[PDB]
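So the chains spell out like this:
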2 protein chains.
Amino acid sequence: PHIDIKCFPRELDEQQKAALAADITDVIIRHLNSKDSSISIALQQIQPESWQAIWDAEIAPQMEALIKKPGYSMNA
Amino acid sequence: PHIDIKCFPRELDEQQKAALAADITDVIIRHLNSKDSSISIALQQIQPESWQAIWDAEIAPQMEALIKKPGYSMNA
């Protein structure tokens, strides 16, 4: 599995990045029956003014297929 | 944060997809100082013969930045 995490900018040191990756890894192993070697994880920082593009391409068009829908909306 | 999970196909019912979403949500809240309302999660099942496109567009180019690198290589 390949997991992509997009979020607003924040400072994460190497220890933080590795711990987040480890917690994500174990969740994926549990739910998808995956092996550790099959998992890759990306963390991409997105500036606030570029979040609309993420909403438009990834969130809004897939809304009822999302496994977790956003509590916020960019189309109010 | 918006989380995208790509994996080879598997039989997952709605309760199973919600349980995966809940565990991912906890991890994101605790590591990114996030809130339930800010989190959206997509799950996309990709047939094995279409994984090369994922390697080429998402995994390989980001190798320098991934927070968890894959345990396999598929450069073609």
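The rules we used
Residues numbered from 1 in each chain as written, not as in the entry; some residues may be left out. Chains lettered and ligands numbered in written order. Heavy atoms only, no water. Residues with missing side-chain atoms left out of burial classes, pairs and counts. Helix = DSSP H or I, 4+ residues; strand = E, 2+ residues; numbered from the N terminus. Buried < 20%, exposed > 50% of the residue type's maximum accessible area, 1.4 Å probe, protein only. Contact = heavy atoms within 4.5 Å. Buried area = accessible area lost by both parts, 1.4 Å probe. Salt bridge = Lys/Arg side-chain N within 4 Å of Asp/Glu carboxyl O. Polar contact = N/O pair within 3.5 Å; in protein donor to acceptor, adjacent residues only side chain to side chain. Nonpolar A, V, L, I, M, F, W, Y, C, P; charged D, E, K, R; others polar. Expected span 1.5 Å × (residues − 1). Core = buried A, V, L, I, M, F, W, Y, C linked by side-chain atoms within 4.5 Å. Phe/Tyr/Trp six-rings, centres within 6.5 Å; stacked < 30°, edge-to-face > 60°. UniProt positions renumbered as here; feature names shortened; annotations may be inferred. Least-squares fit on C-alpha atoms. Pairing = 2+ DSSP bridges. Axes fitted to C-alpha atoms, helices over the stretch in contact; angles between N-to-C directions.

Structure determination for this PDB entry was carried out by X-ray crystallography, with a resolution of 1.35 Å recorded in the header.

Trainee: So what's going on with unusual backbone geometry? Which residues, and what values?
Mentor: Trans is the prevailing form of peptide bonds, just as negative phi is the prevailing case for residues other than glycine. All names here are of chain A. Positive phi outside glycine occurs at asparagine 33, with the angle close to 60°. Summarising the element assignment, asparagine 33 is placed in the loop between α1 (14–32) and β2 (40–45). Look at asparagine 33 and you get exposed, because its relative accessible area is 69%.

Trainee: Any details on the interface of chain A and chain B? Residues and values, ideally.
Mentor: Counting residues at the interface gives 40 residues for chain A, matched by 43 residues for chain B. With both chains or domains summed, chain A and chain B bury close to 3700 Å², and 64% of this area falls on carbon and sulfur atoms. Of all residues in chain A, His2, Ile67 and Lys68 of chain A bury the most surface against chain B, accounting for 22% of the area lost on that side. Residue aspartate 36 of chain B is joined to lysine 68 of chain A by a salt bridge in which the shortest nitrogen-to-oxygen separation is 2.9 Å. There are 18 residue pairs in polar contact connecting chain A and chain B. Looking at the side of chain A that touches chain B, the elements that each hand over two or more residues are β1 (2–7), α1, β2 and α2 (51–59) of chain A. Looking at the side of chain A that touches chain B element by element, the count peaks at 11 residues for α1 of chain A. Of the residues assigned to the side of chain A that touches chain B, the class counts are 22 nonpolar, nine polar and nine charged.

Trainee: Before we move on, can you summarise α1 of chain A with the specific residues and values?
Mentor: Residue and element names in this part refer to chain A. Over its 19 residues, α1 extends 26 Å from the first C-alpha to the last, a length consistent with the 27 Å expected when each residue adds 1.5 Å. Within the sequence span of α1, burial applies to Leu20, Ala21, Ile24, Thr25, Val27, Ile28 and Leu32. One side-chain oxygen at the N-terminal end of α1 lies 3.3 Å from the backbone nitrogen of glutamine 15; it belongs to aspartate 13. At the C-terminal side of α1, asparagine 33 shows a positive phi close to 60°.

Trainee: Just give me the short version of the nonpolar core, but keep the residues and values in it.
Mentor: Core analysis: the biggest nonpolar cluster contains 28 residues, and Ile5, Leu20 and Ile24 of chain A together with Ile5 and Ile24 of chain B have the highest contact counts within it. For this core, the secondary-structure elements that each account for two or more residues are β1, α1 and β2 of chain A together with β1 (2–7), α1 (14–32) and β2 (40–45) of chain B.

Trainee: Tell me about the packing of aromatic side chains, and please be specific about residues and values.
Mentor: Residue and element names in this part refer to chain A. The final tally for this structure, using the stated rule, is four aromatic pairs over all chains. When the ring of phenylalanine 8 is compared with that of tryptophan 51, the centres are 5.5 Å apart and the planes differ by 85°; the resulting orientation is edge-to-face. One end of the pair, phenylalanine 8, is in the loop between β1 and α1; the other, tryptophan 51, is in helix α2, with 43 residues separating them in the sequence. Overall, the relative accessible area of 6% leaves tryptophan 51 in the buried class.

Trainee: I'd love a proper account of the UniProt feature "active site" in chain A, names of residues and values included.
Mentor: All names here are of chain A. Summarizing the sequence annotation, UniProt attributes the feature "active site" to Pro1 in the numbering used throughout. As for its placement among the helices and strands, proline 1 is situated in the segment before β1. Looking at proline 1, the relative accessible area reads 10%, which means it is buried.

Trainee: Quick rundown of the relation of the copies chain A and chain B? Include the residues and the values.
Mentor: It takes a turn of 179° to lay chain A on chain B, together with a shift of 0.1 Å along the axis; the resulting RMSD is 1.0 Å. Such values leave the two copies arranged in the relation of a two-fold axis. Closest to the rotation axis within chain A is the C-alpha of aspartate 4 of chain A, separated from it by 2.6 Å.

Trainee: Break down the sheet that holds β2 of chain B for me, citing the residues and quoting the values.
Mentor: Spatial strand order, β2(A)-β1(A)-β1(B)-β2(B): four strands in an open sheet with mixed pairing. The sheet terminates laterally at β2 of chain A together with β2 of chain B, the two strands that pair on one side only. Taken pair by pair, the neighbouring strands of this sheet meet at an average axis angle of 15°, ignoring direction. One ladder, built from five bridges, connects β1 of chain A with β1 of chain B; its direction is antiparallel. Considered in β1 of chain B, the bridge of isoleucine 3 of chain A is made with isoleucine 5 of chain B. Relative to β2 of chain B, α1 of chain B is tilted by about 130°, and along the sheet it contacts β1 of chain A together with β1 and β2 of chain B.

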